[PDB]
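Have a look at the structure below, then the notes.
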Amino acid sequence: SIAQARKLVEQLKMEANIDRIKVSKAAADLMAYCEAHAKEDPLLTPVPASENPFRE
Amino acid sequence: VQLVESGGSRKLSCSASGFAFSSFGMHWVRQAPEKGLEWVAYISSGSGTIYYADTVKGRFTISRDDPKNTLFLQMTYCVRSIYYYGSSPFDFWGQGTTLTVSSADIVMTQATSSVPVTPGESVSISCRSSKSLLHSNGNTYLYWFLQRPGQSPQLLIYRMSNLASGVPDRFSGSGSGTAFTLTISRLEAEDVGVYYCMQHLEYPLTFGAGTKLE
Amino acid sequence: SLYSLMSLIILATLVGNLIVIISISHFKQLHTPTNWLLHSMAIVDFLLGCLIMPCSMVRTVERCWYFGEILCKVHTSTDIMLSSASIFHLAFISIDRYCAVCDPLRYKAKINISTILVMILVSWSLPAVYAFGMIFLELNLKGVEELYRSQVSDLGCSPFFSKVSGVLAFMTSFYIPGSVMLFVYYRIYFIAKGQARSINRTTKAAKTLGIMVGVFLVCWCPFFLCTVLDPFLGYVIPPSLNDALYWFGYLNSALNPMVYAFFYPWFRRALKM
Amino acid sequence: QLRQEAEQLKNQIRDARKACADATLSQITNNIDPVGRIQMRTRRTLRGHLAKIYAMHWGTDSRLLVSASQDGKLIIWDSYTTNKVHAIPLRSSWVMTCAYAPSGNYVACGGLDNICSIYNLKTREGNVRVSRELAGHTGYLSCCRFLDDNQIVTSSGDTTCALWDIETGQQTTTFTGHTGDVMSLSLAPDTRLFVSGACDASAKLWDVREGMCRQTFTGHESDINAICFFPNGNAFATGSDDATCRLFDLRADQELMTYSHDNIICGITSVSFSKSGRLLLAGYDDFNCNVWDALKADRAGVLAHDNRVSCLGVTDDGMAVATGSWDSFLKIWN
Amino acid sequence: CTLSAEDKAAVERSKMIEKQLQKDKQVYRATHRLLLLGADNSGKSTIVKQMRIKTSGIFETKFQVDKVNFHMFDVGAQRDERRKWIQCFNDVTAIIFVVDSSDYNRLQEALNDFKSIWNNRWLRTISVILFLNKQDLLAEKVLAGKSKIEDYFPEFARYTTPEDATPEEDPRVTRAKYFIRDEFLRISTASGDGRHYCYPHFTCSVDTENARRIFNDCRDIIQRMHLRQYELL
Ligand SMILES: NCCc1ccc(Br)cc1
């Protein structure tokens, strides 16, 4: 069990040191992406029934 | 894939061995001794649809026998063809037995008949049809075959833009709806032959005249 | 008084035959092969409801056929068609119920959707040709036309049968389907009772089968009995009782969808939702 | 002594992560107008399967798709014209997953067989035949995805994943570390990382090239049923048997806003995003597929199948969305 | 119509595919599917190899009785937890359970396994055909008297054979046999609300009538289901 507990502790230590960023900064990127690509989302903004192939 | 036949009131038989014969439609195509290709008949995969050339309709009859993998034509080239989204019909031709026999359809003529070329230089070949081959869905039904002097014809381009499987990437196709061209970027000694033009918008598959390269 | 009762029967038939065909149409929770017979029966019963009973009730309430004679024949032929079709549908439903409990392993292979349509076509086909041939070709009154005229044509639109046509018609239309379903339900009742005996020891079926058989017999037996008897008896039956004799058939037509559809919880659970 | 060190290290990790949340996504979001209502109609209905349907996967050209069923069939459909292009019979009758190659030359499937099979679609003959069979797992296969025409990633019920080499058929990397069996995995657009959610109620991040876990996420108290990966590449969403779905970020390493409703009791079975990432498509257990707003926790719309909705899929161009169900019907929505 | 020349061949091919699928559908509705469960010590392999006459996951077997087709699926090399893949088998006709009754040691875990199967939420409305295998070893080991049940099941001392016993060998071995049956049936009859049933048997090491027993039990199961559906039971 000593070996398994070791492998666990070095795994947790390896996971321990990671760079982090603030929640607000991480949440702003999603807003930026959404507002940048909201123009080209057919499911979000419906397309007039002339360019979609699933009519009739 | 290797289908080789020998035969010839007379009866002709084409025997297939090397592929799933029961999933392919079949055609019979005629070549006069000194004239371009010509279509004869067609039998579907499930034997549910049959067409004949307008020239001879009562004197000819086709039939297929799936268990023994044999095709028949009765006198009173055999070509594979499979149809689904993204397939390539007319891709394989038989060894060859021609059938020498003693209006509103689409007619197309190739501009010239011969042209001398030099290796390492680009070449262009033109075809032209009576009516537009572009359909409502978007496909433009044009084919290029490029028979060689001694063997059966091959397949180069299907639907005016798509390249065949094993052909080198030196050929290209383009068109506008009524006028079409085929460009060969480089050139080698294996390109000597005659090129043909075909439509598949309607059952009378009217070929072209031919353009020999010397 | 009576006219209100007849109108109520007509309205009940109309409302009962529409729900079954509608619901059976847009669900797919209940789109099973066995249901096609049910809504075919509902369609037959609805067609009988829209057409026959209004003319019948007006002819009975005014005691005279104040109409054309060209359409009396088609009226009688349609009535015979629809009654025979309903009885044949009952018999086929019983035969369907027989295979489920007396041969359970092979039920799915036999009763498929490619054998229900055969039953539906036969049920519509045979009664139509039989009734129209019997009426328009005058096979029923051959040789008794004079008494027909004196009895009904002098005053009448009631169907008339001879000593030979009546027994054959009774024979086929009533005796064959009814005997079939009686035998089927008899053996089903014994099998269900035996199986119920075993679990407990290591009576619900009686109520259901009693309702079904009793409704069918009470509705149909007196009319066909009197009809087969009259040619042999001597035509001494009054014409007033015959009216009540016909109306029991329409009463059966009214009750049948309620018995076969709403009695069952699964059907009710597509209706609650 | 080792256990105490692990406990204090875990406490240090949760404390360091705790001192990183300054604002919630909801208060930042309150300055955004809601999307409103979304209306979708059933354009097409694809019929032909006998048993229940457990999997489907769109093609890259946005026309063809493949579906799997419990009777032992794979069917390749033509979405526009509703035709059937192929019908493949399988050796084993119990399958749980399918995948369709990016180049369109191969498909794969697996199930209660511990084997992944590769099918070659474009042959000289006119028939479809099996190419490889990838054996080496112990538990049932639950997912599989293509990297290219030669690399495939599998998820199994023996609490391990693996990376294969189709040319030779031997594993080149095994990903170990899950406590319970793993059910779903999702790749990244840059094909450098992938995630996986298991029944130990935790999701992990893996590095394909060198092959060891980088991060571990928790928050769910029941097992994870479906996982999807944000189009940007820096987030993902999970779906559990808790009737709840969460959104996690790869840098803040925290649970962002969750999507839960008081009228839902049953867990979910599939998750997918839209092309712009504004919408979240979730397939539920009560015969329904709800539509969530990925920023405001609102039910924009509902997609109402007569049995459980088992699978979903959104097209690369975002034009359509398909659903599968246990009543053996595929519907295309937009 | 507006279809092209190359679009009619596509719909023709699709129609042929549909015809083949309909043929397979007709074949698929005349077969009954079974699920086989048990432990390593119990003789699942023996019965599955008799009825017909590598780390694979499932094994499949076919047998024919009176022009009826049966499919019996055996789950092989899986993990020790069955909570997840058991949802796939909620439409089979019946479940078959095999128990080795000669050991008396690992026989208590068998009862726990049976209780787990019986009380599952995804496995309600499915009946169980209990099989009690390895009876000759049981008789040989009990007549020797080396091992006593009371050492393992002390309640066996204060037990008397039921009146329903119909031993078609000994006046004592039957007491043990019916004690084991009573244990299993006591587990079975604690609940179930009249939607699935248990059918105990006395299978031996080698038998030639197991298929007939499965046939009869399946017939009874489906007949009871149909009678309950039509409100006759
Ligand atoms: N209202 C039904 C009248 C009738 C009379 C005779 C026969 Br045979 C069938 C039906």
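Chains: A, B, ... in order of the structure tokens. Residues: from 1 per chain. Ligands: from 1, in order shown.
A distance cut-off of 8 Å from ligand 1, applied to only C-alpha atoms and all ligand atoms, picks out the residues residues 76, 79, 80, 81, 82, 83, 84, 159, 166, 169, 170, 173, 174, 224, 227, 246, 247, 249 and 250 of chain C.
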Report as a short mmCIF file (atom, residue, chain, number, x, y, z; two decimals) with C-alpha atoms, in the first residue's frame the set of chain D residues whose atoms approach chain B to within 8 Å, with distances computed over only C-alpha atoms.
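Output file iface38.cif follows:
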data_model
loop_
_atom_site.label_atom_id
_atom_site.label_comp_id
_atom_site.auth_asym_id
_atom_site.auth_seq_id
_atom_site.Cartn_x
_atom_site.Cartn_y
_atom_site.Cartn_z
CA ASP D 78 -28.60 10.89 -46.59
CA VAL D 85 -26.69 4.74 -48.53
CA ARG D 124 -12.68 -1.75 -55.11
CA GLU D 125 -15.62 -4.10 -54.63
CA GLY D 126 -19.11 -2.82 -53.87
CA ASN D 127 -19.34 -4.10 -50.28
#
### Nearest residue to chain E from the set D:213, D:152, D:46, D:312 (distances using only C-alpha atoms)
D:46
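Minimum distance to chain C across D:41, D:280, D:327, D:3 (counting only C-alpha atoms) occurs at D:327.
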### Task
Could you list, as a ChimeraX atom specification, the residues of chain D having an atom within 9 Å of chain E when counting only C-alpha atoms?
/D:48-50,70-71,83-87,92,94,111-115,135-140,157-158
Grab the residues selected above and save them as an mmCIF file, in the first residue's frame with C-alpha atoms.
data_model
loop_
_atom_site.group_PDB
_atom_site.id
_atom_site.type_symbol
_atom_site.label_atom_id
_atom_site.label_comp_id
_atom_site.auth_asym_id
_atom_site.auth_seq_id
_atom_site.Cartn_x
_atom_site.Cartn_y
_atom_site.Cartn_z
ATOM 1 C CA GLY D 48 -35.981 1.767 -40.407
ATOM 2 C CA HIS D 49 -34.424 0.573 -37.150
ATOM 3 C CA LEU D 50 -35.984 -2.341 -35.263
ATOM 4 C CA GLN D 70 -29.555 -3.053 -30.513
ATOM 5 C CA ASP D 71 -30.657 -5.388 -33.306
ATOM 6 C CA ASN D 83 -32.328 7.907 -48.624
ATOM 7 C CA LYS D 84 -30.248 5.040 -47.233
ATOM 8 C CA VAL D 85 -26.692 4.739 -48.527
ATOM 9 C CA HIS D 86 -25.440 1.727 -46.541
ATOM 10 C CA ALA D 87 -26.658 -0.937 -44.115
ATOM 11 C CA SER D 92 -22.424 -8.724 -31.893
ATOM 12 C CA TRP D 94 -25.157 -5.270 -28.120
ATOM 13 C CA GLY D 111 -20.292 -2.495 -27.029
ATOM 14 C CA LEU D 112 -20.608 -5.441 -24.625
ATOM 15 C CA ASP D 113 -17.881 -7.165 -26.614
ATOM 16 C CA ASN D 114 -14.644 -5.500 -25.382
ATOM 17 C CA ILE D 115 -13.707 -5.029 -29.056
ATOM 18 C CA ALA D 135 -8.891 -6.198 -28.638
ATOM 19 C CA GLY D 136 -7.134 -5.591 -25.344
ATOM 20 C CA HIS D 137 -9.733 -4.027 -23.077
ATOM 21 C CA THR D 138 -11.470 -5.861 -20.237
ATOM 22 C CA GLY D 139 -14.774 -4.031 -19.709
ATOM 23 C CA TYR D 140 -17.429 -2.943 -22.173
ATOM 24 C CA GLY D 157 -15.767 0.028 -18.409
ATOM 25 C CA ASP D 158 -12.606 -1.231 -16.681
#
#### Entry: Residues of chain B in strand (DSSP E or B), written as an NGL selection string
:B and (2-3 or 10-17 or 25-31 or 37-43 or 50-52 or 60-65 or 70-75 or 78-81 or 93 or 108-110 or 114-115 or 123-129 or 134 or 140 or 142-144 or 147 or 149 or 151 or 157-158 or 162-163 or 171-175 or 179-184 or 194-195 or 197-199 or 211-213)
